[PDB]
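See structure below.
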Amino acid sequence: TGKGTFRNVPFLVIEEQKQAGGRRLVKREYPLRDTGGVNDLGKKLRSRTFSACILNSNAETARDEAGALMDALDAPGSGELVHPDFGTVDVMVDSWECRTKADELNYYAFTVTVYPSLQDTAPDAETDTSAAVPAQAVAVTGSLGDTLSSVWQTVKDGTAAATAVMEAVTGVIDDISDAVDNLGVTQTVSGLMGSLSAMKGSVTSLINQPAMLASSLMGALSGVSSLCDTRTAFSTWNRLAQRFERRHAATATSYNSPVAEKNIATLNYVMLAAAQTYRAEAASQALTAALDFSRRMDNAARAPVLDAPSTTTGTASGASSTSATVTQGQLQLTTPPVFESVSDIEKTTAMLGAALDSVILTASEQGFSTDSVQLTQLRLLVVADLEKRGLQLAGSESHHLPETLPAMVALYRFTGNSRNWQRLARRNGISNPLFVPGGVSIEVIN
Amino acid sequence: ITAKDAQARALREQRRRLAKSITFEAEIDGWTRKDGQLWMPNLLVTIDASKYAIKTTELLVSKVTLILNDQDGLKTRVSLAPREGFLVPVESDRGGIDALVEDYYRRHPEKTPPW
Amino acid sequence: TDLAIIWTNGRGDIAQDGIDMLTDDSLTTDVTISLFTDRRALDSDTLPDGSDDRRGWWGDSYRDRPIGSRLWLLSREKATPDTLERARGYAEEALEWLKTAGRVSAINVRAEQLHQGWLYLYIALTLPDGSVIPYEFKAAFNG
Amino acid sequence: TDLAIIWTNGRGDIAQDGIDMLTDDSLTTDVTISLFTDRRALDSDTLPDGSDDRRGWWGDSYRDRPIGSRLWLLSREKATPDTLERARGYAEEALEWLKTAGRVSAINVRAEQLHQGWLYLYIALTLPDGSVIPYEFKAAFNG
């Protein structure tokens with residue numbers, strides 16, 4: 023029995039039932055040229071339509087059912103259309119009719135046209151994971167500085183406690199100055215070096231001022247961070263953290286005081302946490318730089334021509350800056385050897401995660417709560433950025449090879465566009481692209 | 254104003270009038286260029302509109318507008334003006359050792375001048 | 002790699018395997034969750050119970066998609082062709098999201114009445130070439 | 002004047018002649034290359050093999066046109082008119098790039114079944130008034 027319904031109001035199918043919809047095409051016809059064509063643009067909605075009839079042997083139940091159908095078709099919202107041909111769909115009505123003939127006492131004829139209830143936004147907001155790392159790093163650094171300022175206790179004596187606190191502060195300053203000096207082979211670091219020298223020369227009056235000491239150190243670290251570009255930041259921060267760590271493990282008679290053990294331990298810890306957070310931010314930026322450089326906007330089936338200028342990439346001589354579109358990597362610089389391949393990104397992500405987890409577990413005992421609560425979210429954001437932008441790329445597949453093929457042939461067999469043949473070799477980690485290993489799994493991007 | 258400054262502005266005015274007088278406009282099909290990058294201003298293109306009896310050979314793009322309408326599709330309306338209208342009064346469109363060296367370092371801009 | 006749902010005695014609970022719970026990374030868990038969890042009934046639909054409570058999940062308004070299927074509307078039905086068609090339609094609309102995504106290519110589902118008192122559905126999904134070989138099992142009874 | 006392809010034992014290769022390789026400046030090499038090199042199969046085509054690799058050339062994305070012909074889709078066919086029609090269409094599509102230019106005037110290709118187990122293709126072109134005399138050879142066997 024043909025018992026299609028709209029809103030649990032029964033109706034009988036009759037006459038014709040149809041579905042129409044295709045792609046939107048734009049016709050491109052050139053003057054004084056013959057070969058033309060069209061271009062694709064999405065797909066238009068599926069405009070369903072049907073013709074239904076309601077009749078009975080009473081001429082009053084027919085009127086009641088017809089009125090129910092009118093008031094159910096003319097209702098606000100979307101209803102479950104059930105049709106023997108369409109199926110079970112959710113549609114919004116567009117227009118309908120109710121035709122009788124004043125001679126047929128029982129028959130009432132309807133003709134409905136419906137549209138799918140597809141409600142999707144145009145902008146389609148997503149999350150910007152690249153820009154969520156610096157925002158969290160700023161809060162983590164601020165919380166660490168506040169914790170150091172709060173937990174620092176002034177010692178007033180001139181004994182082993184005071185001299186040992188002096189040694190710890192001057193050692194931290196020495197490490198920072200050594201990092202800046204190693205940087206300064208190319209970059210000009212005169213101002214930061216002079217500020218560090220003056221700050222070291224004035225320790226006695228710092229260890230007694232807690233807030234000034236914490237800032238004096240956070241400002242130095244911020245200056246070190248601002249010195250580096252996207253090329254050496256990861257290397258420099260890697261070094262300062264290794265060094266600050268070799269420390270926090272030599273700490274974890283002399284003094285005979287507890288307000289020293291605590292000051293030294295909190296100082297060493299805060300230094301470790303700040304260095305590792307800056308390392309995480311630098312890694313997040315290095316990923317963007319590497320992905321930007323590993324991008325080739327060619328992606329077309331053209332024929333090579335005898336183009337004299339710029340035999341290899343670059344730009345034509347004499348072209349201004351207005352002609353070239355800037356990319357995100359250049360816009361932020363105002383690449384490392386590790387962030388190129390895939391196994392390397394995996395190892396880097398694992399190392400960052402382990403280091404930050406250890407820092408959190410240690411922080412849960414000095415600088416108790418706020419630092420750990422901020423650092424866990426920072427770790428989540430950093431690892432999410434790394435995994436979502438480096439490995440979980442769009443259309444990445446894994447294939448094996450029956451024999452060792454050149455990278456171009458291997459790429460063409462799997463995707464059909466051989467121009468991005470360097471990307472496959474770089475991401476796999478091959479030295480010579482002509483010999484891509486056979487039995488080993490190969491990541492092919494599409 | 255001095256004499257050299259006077260000629261500089263007088264030429265600037267002449268070249269701006271030259272640029273504003275002659276205008277080419279075209280509607281190409283693709284946002285991307287032939288090489289693959291986007292269409293942007295300040296580019297020297299070679300015009301070969303000989304079928305319409307037009308004797309211009311080289312022009313400089315002056316305005317690029319990209320469109321994504323539904324009735325249009327992907328289009329970019331590119332406007333062209335002669336290059337000789339956007340030059341500085343020193344240079345020209347194609357008396358001593360100093361002049362020769364300046365001419366060489368002007369023909370080759372990617373080189374570093376002596377300054 | 003998530004926990005596997007194992008059907009024992011007509012209900013599916015998680016189970017152990019050696020040290021930790023047995024894991025599974027395939028379409029089996031996705032299908033058995035998208036098919037046998039009650040999603041919210043519409044405003045016009047009638048309910049098998051005499052109650053007015055529509056099932057669902059509190060987090061349905063958090064996950065951009067209704068969770069499961071409406072096969073709970075056929076809790077009490079008699080052997081008539083209508084039920085066979087409605088079950089086919091409900092299963093298709095519940096499993097359509099896989100085909101809207103790229104995880105399955107085609108979905109052919111048919112309904113039948115087996116040995117008296119049996120509602121039988123045959124669902125055939127066409128997995129793409131890159132799809133890992135899915136898990137397979139049979140519901141078991143004990144005690 | 003490029004190298005000529007000489008057919009021996011059902012496969013083609015370049016050959017020597019006196020000092021260096023024999024040359025050819027005609028339509029013979031162009032036809033024997035445009036007909037007997039496998040171009041990329043479409044997404045929806047069903048390959049004769051049980052595999053899922055579409056033969057092509059890494060330079061297909063560097064040479065402005067697909068290289069060869071789709072006659073390799075008929076590696077294993079039975080004696081039915083559908084295969085003959087498909088072979089005729091595939092040869093027409095492979096060689097139409099010549100008629101698009103001015104190198105040939107018309108093309109007439111027919112498919113037939115000669116002595117049992119023979120897929121006979123008769124392709125007759127119409128060279129224009131100025132075209133050079135094409136090369137002439139027959140397939141040969143040895144050993």
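Residue numbers (PDB author numbering), protein chains in the order written: chain t, 23 to 274, 282 to 363, 383 to 494; chain U, 254 to 347, 357 to 377; chain B, 2 to 144; chain C, 2 to 144. Yeah, the Cβ is synthetic: ideal placement off N, Cα and C, and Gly gets one too.
query = Which of helix, strand or coil does DSSP assign to residue 101(t)?
reply = strand
inquiry  = Mapping the DSSP letters down to three states, classify residue 460(t) as helix, strand or coil.
reply    = helix
task = Could you say if the stretch 312-323 of chain U and the stretch 24-41 of chain t meet the contact criterion of at least three C-beta pairs nearer than 8 Å?
result = Cβ pair count under 8 Å is below three, so no.
Chain-ordered neighbours of residue 372(U) on chain D, where CB pairs are closer than 7 Å = Reference to chain D is not applicable here, since the protein chains of this structure are t, U, B and C.
inquiry  = Taking CB distances under 8 Å as the criterion, tell me whether residue 457(t) reaches chain C.
reply    = yes
message = Against chain B, does residue 297(t) count as a neighbour if the rule is that its beta carbon must be under 8 Å from one of theirs?
response = no
request  = Pick out whichever of 104(t), 209(t), 236(t), 143(t) has its Cα sitting closest to the Cα of residue 191(t).
outcome  = 236(t)
query = Per DSSP, what kind of secondary structure is residue 303(t) in: helix, strand or coil?
reply = helix
key: DSSP bridge partner residues for residue 50(t) (one or two, in chain order)   = According to DSSP, residue 50(t) bridges with 59(t).
key: Cβ separation of residue 422(t) and residue 298(t), assumed to be a contact under 8 Å, to the nearest whole Å   = The pair is not a contact, with the Cβ atoms about 14 Å apart (cut-off 8 Å).
query = Per DSSP, which one or two residues make a beta bridge with residue 132(t)?
reply = The partner list for residue 132(t) (beta bridge, DSSP) reads 74(t), 120(t).
ask   = Using the beta-carbon of each residue, which ones in chain B are nearer than 7 Å to residue 494(t)?
value = One finds nothing in chain B with a Cβ atom closer than 7 Å to the Cβ of residue 494(t); even the nearest lies about 10 Å away.
Where the beta strand (DSSP E) through residue 180(t) begins and ends = First-last for residue 180(t): undefined, no H or E at that position.
task = Examine chain U for any beta-carbon lying closer than 8 Å to the beta-carbon of residue 19(t), and answer yes or no.
result = Nothing about residue 19(t) can be read from this structure; chain t reaches only from 23 to 494.
ask   = What beta strand (DSSP E) runs, 3 residues minimum, are completely inside the stretch 437-491 of chain t?
value = DSSP runs (the beta strand (DSSP E)) wholly in the stretch 437-491 of chain t: 444-447.
request  = Go through its chain and collect everything with a Cβ distance to residue 346(t)'s Cβ below 7 Å, but skip five positions before and after it.
outcome  = In chain order, 338 place their CB closer than 7 Å to the CB of residue 346(t), counting only its own chain and leaving out the 5 sequence neighbours on each side.
message = Please report the distance separating the alpha-carbon of residue 75(C) from that of residue 49(C).
response = 7 Å
request  = Mind listing the chain t neighbours of residue 304(U)? Cutoff is C-beta to C-beta under 7 Å, in chain order.
outcome  = 54
inquiry  = Against chain t, does residue 282(U) count as a neighbour if the rule is that its beta carbon must be under 8 Å from one of theirs?
reply    = yes
key: Local conformation of residue 231(t) per DSSP, three classes   = Residue 231(t) sits in coil when the DSSP states are folded into three classes, being neither helix nor strand.
task = Determine the direct distance from the alpha carbon of residue 47(C) to that of residue 85(C), and round the result to whole angstroms.
result = 17 Å
ask   = Hey, residue 309(t) and residue 243(t): beta-carbon distance below 8 Å or not?
value = no
ask   = Is residue 138(t) near the ligand ZN, in the sense that its beta carbon is under 7 Å from a heavy atom of that ligand?
value = Ligands in the displayed structure: none, and consequently the ligand ZN is not present.
ask   = Under a Cβ-count criterion, where at least 16 other Cβ atoms within 10 Å of its own Cβ denotes burial, should residue 116(C) be classed as buried or exposed?
value = exposed
key: Alpha carbon of residue 161(t) to alpha carbon of residue 391(t), nearest angstrom   = 31 Å
message = Just to confirm my understanding: we take residue 26(B), look at its own chain, exclude 5 residues before and 5 after, and list those with CB closer than 8 Å. What are they?
response = 2, 3, 133
query = Just how far apart, CA to CA, sit residue 12(B) and residue 120(B)?
reply = 17 Å
task = Look up residue 281(U) in the DSSP assignment and give the residues it is bridged to.
result = In the DSSP output, where bridge partners are listed per residue, residue 281(U) has 329(U).
message = To be precise: take each residue of the stretch 46-60 of chain B, compare its Cβ to all Cβ atoms of chain t, and keep it if any distance is under 8 Å. Which residues remain?
response = 46, 47
query = Expressed to the nearest angstrom, what Euclidean distance is found between the alpha-carbon atoms of residue 112(B) and residue 57(B)?
reply = Cα to Cα, residue 112(B) sits roughly 25 Å from residue 57(B).
ask   = Can a CB atom of chain U be found closer than 8 Å to the CB of residue 341(t)?
value = no
message = Please classify residue 59(B) as buried or exposed, where buried requires at least 16 neighbouring CB atoms within 10 angstroms.
response = exposed
ask   = Counting pairs of beta carbons, one from the stretch 220-239 of chain t and one from the stretch 174-188 of chain t, are three or more of them closer than 8 Å?
value = yes
key: Within chain U, partners of residue 352(t) - CB distance below 8 Å   = 293, 294, 295, 296
task = Could you tell me which residues DSSP pairs with residue 112(C) in its beta bridges?
result = 122(C)
key: the stretch 288-300 of chain U in contact with the stretch 344-361 of chain t per 3-pair CB rule at 8 Å   = yes
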